[PDB]
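So the structure is just underneath, and the comments pick up after that.
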Amino acid sequence: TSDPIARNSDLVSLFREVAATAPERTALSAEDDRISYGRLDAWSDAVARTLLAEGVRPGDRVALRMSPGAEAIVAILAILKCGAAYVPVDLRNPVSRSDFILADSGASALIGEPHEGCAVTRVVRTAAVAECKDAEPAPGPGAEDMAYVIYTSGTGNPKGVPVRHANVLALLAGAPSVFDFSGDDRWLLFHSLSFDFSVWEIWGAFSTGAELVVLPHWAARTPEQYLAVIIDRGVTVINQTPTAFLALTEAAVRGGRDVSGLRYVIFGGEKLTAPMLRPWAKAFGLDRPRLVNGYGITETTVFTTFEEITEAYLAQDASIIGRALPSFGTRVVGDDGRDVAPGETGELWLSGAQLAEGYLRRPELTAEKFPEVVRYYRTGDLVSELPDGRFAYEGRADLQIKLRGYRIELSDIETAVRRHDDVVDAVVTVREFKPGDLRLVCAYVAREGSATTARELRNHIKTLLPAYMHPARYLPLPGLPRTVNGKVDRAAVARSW
Ligand SMILES: Nc1ncnc2c1ncn2[C@@H]1O[C@H](COP(=O)(O)O)[C@@H](O)[C@H]1O
Ligand SMILES: CC(C)[C@@H](N)C(=O)O
């Protein structure tokens, strides 16, 4: 086969082949600064040498604390080239979380800038990375070697998820069952390196020989700045949370921007419903760009299912995550003796080459979350199979509570609220009214350009749910509060009340 993705079994071999084949093509751009594949390959070989001198060796975990930029990408390639795995430290981590991640992962070196009080002293500064830029530049990693460790909160200790070269290659090989990508695409590098969305951004581009466009620091604050850059730089593929997409849509429409240069907008990370999509579709249609809902988890290498948005999607009030990539086996499992009857809601279980080995030094947890039956991962997500095989996403599986004589599925209440045409987000929690009087309450976000009263929402819910599942109060918020890992911050919401 001529296909580099099918032919290579690790990311370093893949990158090296893509680069060597057409080394003058642009791999990475930052403003007007264009870095060719050949240049990037040599640059990262040089930085790898610097890491070798710091004792970095195959199997090592090397911390990475940098904002998404050219140097950070060079650093990633260098770490991988040393046969090591990178451990991204979110710049906006509380100091305690960073301390734990470094300790837990046994990071033996850090590249970039150490957070204040950082315990790792073996440091390759960003400046040293830049120094290597235009210089001349070991077996390299194998398929079963770790490429990165990304930590996912849930509360408890953050769980380290080691993902192998083979895991990522499985994802990259699955992508073309859904997407038409080529070396002429330009991908925006946007997400924090500590979020696995960035793994998809980086390797989506590199695996296809495309250009990775860095969002400049000046453009990092507003959707207007974001749009200016993606349009100016001829970006064809962007990746967004549904939340970010709301802001993008509003800026595009109000600013009269031309978005038709985009080929794909790819969603991940949150429940996607039609009210979040209808305004973009109204202005821009669904062809240029194509919109694709992606569902995935750190533990199964970024993405698991995709659903390309269609007119049909816009005409229904639920959330559809679509069909699983070819590597996956799936089960929808009840409590019980497991498998549910088609159409019924249960926990999604996943199998296949995209599954991580398990958590880092968490034998207890791994055994539970990665059971054998064929090895599976229990997503902790509730879904239901549609008549045609696509999955609808219901909610998280740990949201049942006990209240006033009932077991209550908070996820079902949230889903019912999300069915309202003028709601784009919602969180249901329990709070105290009178002492000894606890009740369901719902914080929600109105569709831009709409205003829905508590009374109207109560009336909406009356048609869908029994009275014991009715929120007692509603609270409109500009947006829901979010963690840096977030995603909605379910705990901060309770505080907003
Ligand atoms: N398209 C999506 N729709 C609904 N939920 C999602 C989607 N993508 C990711 N998630 C949620 O995000 C979780 C994974 O987030 P992470 O903890 O960062 O790995 C999943 O288990 C889901 O709960
Ligand atoms: C970023 C999305 C695709 C998923 N991997 C997540 O962790 O939220």
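By convention here, the chains of the structure tokens are called A, B, ... in the order presented, each chain's residues are numbered starting at 1, and ligands are numbered starting at 1 in the order presented.
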
Nearby residues, ligand 2, 7 Å, only C-alpha atoms and all ligand atoms, as a PDB file with N, CA and C atoms, in the first residue's frame:
```pdb
ATOM      1  N   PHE A 195      -5.493  18.868  26.615  1.00  0.00           N
ATOM      2  CA  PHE A 195      -6.815  18.398  26.217  1.00  0.00           C
ATOM      3  C   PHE A 195      -6.598  17.504  24.999  1.00  0.00           C
ATOM      4  N   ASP A 196      -7.175  16.304  24.969  1.00  0.00           N
ATOM      5  CA  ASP A 196      -6.824  15.423  23.855  1.00  0.00           C
ATOM      6  C   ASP A 196      -7.388  15.861  22.496  1.00  0.00           C
ATOM      7  N   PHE A 197      -8.238  16.886  22.493  1.00  0.00           N
ATOM      8  CA  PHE A 197      -8.680  17.490  21.238  1.00  0.00           C
ATOM      9  C   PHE A 197      -7.445  17.944  20.449  1.00  0.00           C
ATOM     10  N   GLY A 268     -16.617  18.386  19.596  1.00  0.00           N
ATOM     11  CA  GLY A 268     -16.288  17.371  20.581  1.00  0.00           C
ATOM     12  C   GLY A 268     -16.444  17.895  21.998  1.00  0.00           C
ATOM     13  N   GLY A 269     -16.623  16.995  22.961  1.00  0.00           N
ATOM     14  CA  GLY A 269     -16.522  17.386  24.353  1.00  0.00           C
ATOM     15  C   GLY A 269     -17.815  17.613  25.112  1.00  0.00           C
ATOM     16  N   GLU A 270     -18.894  17.940  24.408  1.00  0.00           N
ATOM     17  CA  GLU A 270     -20.165  18.239  25.062  1.00  0.00           C
ATOM     18  C   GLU A 270     -21.346  17.759  24.246  1.00  0.00           C
ATOM     19  N   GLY A 294     -18.682  14.934  17.051  1.00  0.00           N
ATOM     20  CA  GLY A 294     -17.801  13.854  17.456  1.00  0.00           C
ATOM     21  C   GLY A 294     -17.969  13.566  18.933  1.00  0.00           C
ATOM     22  N   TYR A 295     -18.087  12.286  19.275  1.00  0.00           N
ATOM     23  CA  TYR A 295     -18.094  11.865  20.667  1.00  0.00           C
ATOM     24  C   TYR A 295     -16.849  11.032  20.934  1.00  0.00           C
ATOM     25  N   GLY A 296     -16.176  11.301  22.048  1.00  0.00           N
ATOM     26  CA  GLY A 296     -15.012  10.522  22.429  1.00  0.00           C
ATOM     27  C   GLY A 296     -14.559  10.750  23.858  1.00  0.00           C
ATOM     28  N   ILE A 297     -13.514  10.023  24.253  1.00  0.00           N
ATOM     29  CA  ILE A 297     -13.041   9.993  25.632  1.00  0.00           C
ATOM     30  C   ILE A 297     -11.531   9.838  25.637  1.00  0.00           C
ATOM     31  N   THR A 298     -10.863  10.414  26.628  1.00  0.00           N
ATOM     32  CA  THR A 298      -9.414  10.286  26.707  1.00  0.00           C
ATOM     33  C   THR A 298      -9.018   8.811  26.657  1.00  0.00           C
ATOM     34  N   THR A 301      -8.829   7.154  23.074  1.00  0.00           N
ATOM     35  CA  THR A 301      -8.063   7.908  22.083  1.00  0.00           C
ATOM     36  C   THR A 301      -8.905   8.910  21.290  1.00  0.00           C
ATOM     37  N   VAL A 302      -9.418   9.906  22.011  1.00  0.00           N
ATOM     38  CA  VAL A 302      -9.978  11.139  21.437  1.00  0.00           C
ATOM     39  C   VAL A 302     -11.405  11.034  20.897  1.00  0.00           C
ATOM     40  N   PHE A 303     -11.596  10.293  19.808  1.00  0.00           N
ATOM     41  CA  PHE A 303     -12.926  10.147  19.214  1.00  0.00           C
ATOM     42  C   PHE A 303     -13.352   8.683  19.071  1.00  0.00           C
TER      43      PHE A 303
END
```

Task: For residue A:299: contacts at 7 Å, only C-alpha atoms, fewer than 5 positions along chain excluded, given as an MDAnalysis selection string - done: chainID A and resid 161 355:356

- [ ] Run DSSP on the backbone and grab whatever in stretch 384-413 of chain A lands in strand (DSSP E or B); send it over as a list in words.
- [x] residues 384, 385, 391, 392, 393, 394, 395, 396, 400, 401, 402, 403, 406, 407, 408 and 409 of chain A

Output file for the residues above (N, CA and C atoms, as an mmCIF file, in the first residue's frame):
```
data_model
loop_
_atom_site.group_PDB
_atom_site.id
_atom_site.type_symbol
_atom_site.label_atom_id
_atom_site.label_comp_id
_atom_site.auth_asym_id
_atom_site.auth_seq_id
_atom_site.Cartn_x
_atom_site.Cartn_y
_atom_site.Cartn_z
ATOM 1 N N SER A 384 -28.368 5.335 23.820
ATOM 2 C CA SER A 384 -29.382 4.421 23.315
ATOM 3 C C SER A 384 -29.171 4.221 21.822
ATOM 4 N N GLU A 385 -29.315 2.987 21.352
ATOM 5 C CA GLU A 385 -29.184 2.716 19.924
ATOM 6 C C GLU A 385 -30.422 3.166 19.172
ATOM 7 N N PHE A 391 -25.923 6.041 17.571
ATOM 8 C CA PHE A 391 -26.176 6.227 18.997
ATOM 9 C C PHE A 391 -26.703 7.622 19.295
ATOM 10 N N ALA A 392 -27.681 7.692 20.189
ATOM 11 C CA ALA A 392 -28.105 8.958 20.762
ATOM 12 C C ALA A 392 -27.411 9.063 22.106
ATOM 13 N N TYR A 393 -26.919 10.249 22.435
ATOM 14 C CA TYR A 393 -26.253 10.443 23.712
ATOM 15 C C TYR A 393 -27.246 10.946 24.751
ATOM 16 N N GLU A 394 -27.402 10.210 25.847
ATOM 17 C CA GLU A 394 -28.378 10.585 26.868
ATOM 18 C C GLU A 394 -27.772 11.477 27.959
ATOM 19 N N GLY A 395 -26.775 10.965 28.671
ATOM 20 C CA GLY A 395 -26.105 11.733 29.706
ATOM 21 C C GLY A 395 -25.087 10.886 30.444
ATOM 22 N N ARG A 396 -24.503 11.436 31.505
ATOM 23 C CA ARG A 396 -23.579 10.674 32.338
ATOM 24 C C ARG A 396 -24.352 9.664 33.180
ATOM 25 N N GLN A 400 -27.821 9.748 38.889
ATOM 26 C CA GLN A 400 -29.013 9.365 39.627
ATOM 27 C C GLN A 400 -28.861 9.800 41.080
ATOM 28 N N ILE A 401 -29.900 10.409 41.632
ATOM 29 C CA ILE A 401 -29.882 10.746 43.046
ATOM 30 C C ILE A 401 -31.110 10.177 43.734
ATOM 31 N N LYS A 402 -31.119 10.256 45.058
ATOM 32 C CA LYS A 402 -32.302 9.920 45.829
ATOM 33 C C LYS A 402 -32.813 11.177 46.512
ATOM 34 N N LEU A 403 -34.097 11.459 46.339
ATOM 35 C CA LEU A 403 -34.665 12.690 46.862
ATOM 36 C C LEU A 403 -36.150 12.525 47.149
ATOM 37 N N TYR A 406 -37.868 9.292 46.000
ATOM 38 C CA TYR A 406 -37.666 8.814 44.632
ATOM 39 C C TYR A 406 -36.197 8.675 44.281
ATOM 40 N N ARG A 407 -35.903 7.740 43.386
ATOM 41 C CA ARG A 407 -34.636 7.747 42.678
ATOM 42 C C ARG A 407 -34.887 8.623 41.460
ATOM 43 N N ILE A 408 -34.018 9.599 41.235
ATOM 44 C CA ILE A 408 -34.229 10.554 40.155
ATOM 45 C C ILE A 408 -33.025 10.594 39.211
ATOM 46 N N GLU A 409 -33.284 10.396 37.923
ATOM 47 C CA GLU A 409 -32.228 10.444 36.922
ATOM 48 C C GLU A 409 -32.073 11.884 36.472
#
```

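The list of residues with at least one atom within 8 Å of residue A:264, based on only C-alpha atoms and without residues fewer than 5 positions apart in the same chain, reads residues 236, 237, 238, 288, 289, 290, 291 and 292 of chain A.
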
TODO: Identify which of the residues A:81, A:233, A:217, A:159 lies closest to ligand 1, counting only C-alpha atoms and all ligand atoms when measuring atom-to-atom distances.
DONE: A:159

Open item on the list: Give me the residues near residue A:379 as a PyMOL selection string, where near means some atom within 8 Å (using only C-alpha atoms) and where sequence neighbours in that chain fewer than 6 positions away do not count.
Closed with: chain A and resi 297+347-350+369

Task: Interatomic distance (Å, one decimal) between atom CA of residue A:343 and atom CA of residue A:318 - done: 13.8 Å

Task: Which of A:431, A:418, A:164, A:462 sits closest to residue A:444 [using only C-alpha atoms] - done: A:418

TODO: Quick one: pull the distance between atom CA of residue A:147 and atom CA of residue A:378, Å, one decimal.
DONE: 22.5 Å

- [ ] Might you pull out every residue within 7 Å of stretch 15-21 of chain A, with only C-alpha atoms counted and same-chain residues fewer than 6 positions away left off, and present them as a list in words?
- [x]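 The neighbour list is residues 37, 38, 41, 206, 207 and 209 of chain A.
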
Take the residues from that selection and put them in a file with C-alpha atoms, as a PDB file, in the first residue's frame.
```
ATOM      1  CA  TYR A  37       8.021  19.622   7.099  1.00  0.00           C
ATOM      2  CA  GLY A  38      11.742  19.326   6.371  1.00  0.00           C
ATOM      3  CA  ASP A  41      11.791  17.395  11.139  1.00  0.00           C
ATOM      4  CA  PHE A 206       0.519  15.745  10.271  1.00  0.00           C
ATOM      5  CA  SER A 207      -0.913  12.334   9.342  1.00  0.00           C
ATOM      6  CA  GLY A 209       0.727  16.129   5.318  1.00  0.00           C
TER       7      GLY A 209
END
```

Task: residue A:308 environment, 10 Å, only C-alpha atoms, sequence neighbours closer than 3 positions dropped, as a PyMOL selection string - done: chain A and resi 178-179+264-267+286+290-294+313+320-323

TODO: May I ask for the distance between atom CA of residue A:226 and atom CA of residue A:187, given in Å to one decimal place?
DONE: 13.1 Å

Task: Spatial neighbours of stretch 472-482 of chain A, 8 Å, only C-alpha atoms, chain gap at least 2 places, as a VMD selection string - done: chain A and resid 425 to 426 439 to 446 454 457 470 484 to 490 492 to 493 497

Would you mind exporting C-alpha atoms of the selected residues as an mmCIF file, in the first residue's frame?
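Ended up saving to selection28.cif:
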```cif
data_model
loop_
_atom_site.group_PDB
_atom_site.id
_atom_site.type_symbol
_atom_site.label_atom_id
_atom_site.label_comp_id
_atom_site.auth_asym_id
_atom_site.auth_seq_id
_atom_site.Cartn_x
_atom_site.Cartn_y
_atom_site.Cartn_z
ATOM 1 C CA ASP A 425 -27.394 24.279 27.954
ATOM 2 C CA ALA A 426 -28.820 23.098 31.264
ATOM 3 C CA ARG A 439 -35.565 20.473 45.846
ATOM 4 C CA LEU A 440 -34.498 19.992 42.232
ATOM 5 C CA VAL A 441 -33.374 23.227 40.566
ATOM 6 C CA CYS A 442 -32.182 23.976 37.046
ATOM 7 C CA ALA A 443 -29.617 26.468 35.768
ATOM 8 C CA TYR A 444 -29.845 26.933 32.008
ATOM 9 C CA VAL A 445 -28.569 29.048 29.136
ATOM 10 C CA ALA A 446 -30.941 30.712 26.692
ATOM 11 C CA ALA A 454 -39.199 29.922 34.502
ATOM 12 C CA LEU A 457 -39.833 26.124 31.115
ATOM 13 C CA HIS A 470 -39.854 18.828 37.849
ATOM 14 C CA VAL A 484 -10.277 24.342 32.942
ATOM 15 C CA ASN A 485 -10.851 20.637 32.335
ATOM 16 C CA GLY A 486 -14.418 21.810 31.853
ATOM 17 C CA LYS A 487 -16.788 21.544 30.273
ATOM 18 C CA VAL A 488 -19.594 22.652 32.599
ATOM 19 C CA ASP A 489 -18.555 22.894 36.256
ATOM 20 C CA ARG A 490 -21.391 21.048 37.988
ATOM 21 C CA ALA A 492 -19.739 25.857 40.565
ATOM 22 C CA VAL A 493 -23.347 25.924 39.354
ATOM 23 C CA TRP A 497 -27.563 29.614 43.286
#
```

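Running DSSP on the backbone gives helix (DSSP H, G or I) for these residues within stretch 311-444 of chain A: residues 311, 312, 313, 314, 363, 364, 365, 366, 367, 368, 369, 410, 411, 412, 413, 414, 415, 416, 417 and 418 of chain A.
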
Serialized selection, N, CA and C atoms, as an mmCIF file, in the first residue's frame:
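Ended up saving to out.cif:
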```
data_model
loop_
_atom_site.group_PDB
_atom_site.id
_atom_site.type_symbol
_atom_site.label_atom_id
_atom_site.label_comp_id
_atom_site.auth_asym_id
_atom_site.auth_seq_id
_atom_site.Cartn_x
_atom_site.Cartn_y
_atom_site.Cartn_z
ATOM 1 N N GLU A 311 -30.098 17.922 7.667
ATOM 2 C CA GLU A 311 -31.381 18.577 7.902
ATOM 3 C C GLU A 311 -32.166 17.803 8.952
ATOM 4 N N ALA A 312 -32.091 16.478 8.876
ATOM 5 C CA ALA A 312 -32.766 15.610 9.833
ATOM 6 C C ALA A 312 -32.340 15.911 11.266
ATOM 7 N N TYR A 313 -31.047 16.149 11.463
ATOM 8 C CA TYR A 313 -30.542 16.446 12.795
ATOM 9 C C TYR A 313 -31.230 17.698 13.327
ATOM 10 N N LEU A 314 -31.328 18.710 12.475
ATOM 11 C CA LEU A 314 -31.920 19.979 12.872
ATOM 12 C C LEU A 314 -33.408 19.831 13.212
ATOM 13 N N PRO A 363 -4.447 0.123 39.705
ATOM 14 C CA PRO A 363 -4.870 -1.257 39.449
ATOM 15 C C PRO A 363 -6.330 -1.449 39.826
ATOM 16 N N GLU A 364 -6.718 -0.906 40.974
ATOM 17 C CA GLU A 364 -8.092 -1.005 41.448
ATOM 18 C C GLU A 364 -9.054 -0.452 40.398
ATOM 19 N N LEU A 365 -8.846 0.810 40.038
ATOM 20 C CA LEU A 365 -9.717 1.502 39.095
ATOM 21 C C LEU A 365 -9.718 0.845 37.715
ATOM 22 N N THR A 366 -8.531 0.551 37.192
ATOM 23 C CA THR A 366 -8.410 -0.055 35.866
ATOM 24 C C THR A 366 -9.208 -1.349 35.744
ATOM 25 N N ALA A 367 -9.096 -2.212 36.748
ATOM 26 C CA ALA A 367 -9.822 -3.475 36.741
ATOM 27 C C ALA A 367 -11.320 -3.228 36.598
ATOM 28 N N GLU A 368 -11.817 -2.215 37.294
ATOM 29 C CA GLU A 368 -13.240 -1.902 37.252
ATOM 30 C C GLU A 368 -13.669 -1.281 35.921
ATOM 31 N N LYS A 369 -12.881 -0.330 35.429
ATOM 32 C CA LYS A 369 -13.251 0.426 34.236
ATOM 33 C C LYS A 369 -12.912 -0.305 32.944
ATOM 34 N N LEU A 410 -31.092 12.585 37.031
ATOM 35 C CA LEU A 410 -30.891 13.990 36.694
ATOM 36 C C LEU A 410 -30.617 14.159 35.204
ATOM 37 N N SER A 411 -29.977 13.162 34.606
ATOM 38 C CA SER A 411 -29.648 13.229 33.186
ATOM 39 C C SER A 411 -30.913 13.275 32.344
ATOM 40 N N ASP A 412 -31.958 12.574 32.781
ATOM 41 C CA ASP A 412 -33.220 12.610 32.054
ATOM 42 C C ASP A 412 -33.889 13.981 32.150
ATOM 43 N N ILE A 413 -33.761 14.641 33.297
ATOM 44 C CA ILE A 413 -34.327 15.980 33.441
ATOM 45 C C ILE A 413 -33.571 16.955 32.541
ATOM 46 N N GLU A 414 -32.248 16.851 32.538
ATOM 47 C CA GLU A 414 -31.439 17.731 31.699
ATOM 48 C C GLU A 414 -31.781 17.537 30.224
ATOM 49 N N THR A 415 -31.896 16.285 29.800
ATOM 50 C CA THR A 415 -32.288 15.968 28.429
ATOM 51 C C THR A 415 -33.643 16.572 28.053
ATOM 52 N N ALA A 416 -34.625 16.454 28.946
ATOM 53 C CA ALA A 416 -35.942 17.037 28.703
ATOM 54 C C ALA A 416 -35.857 18.564 28.573
ATOM 55 N N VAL A 417 -35.105 19.206 29.462
ATOM 56 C CA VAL A 417 -34.926 20.654 29.361
ATOM 57 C C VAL A 417 -34.242 21.025 28.038
ATOM 58 N N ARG A 418 -33.239 20.240 27.648
ATOM 59 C CA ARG A 418 -32.478 20.517 26.432
ATOM 60 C C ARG A 418 -33.317 20.359 25.161
#
```

TODO: Go through A:388, A:317, A:335, A:45 and flag the residue nearest residue A:424, using only C-alpha atoms for the distances.
DONE: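 With only C-alpha atoms as the atom set, the closest residue is A:317.
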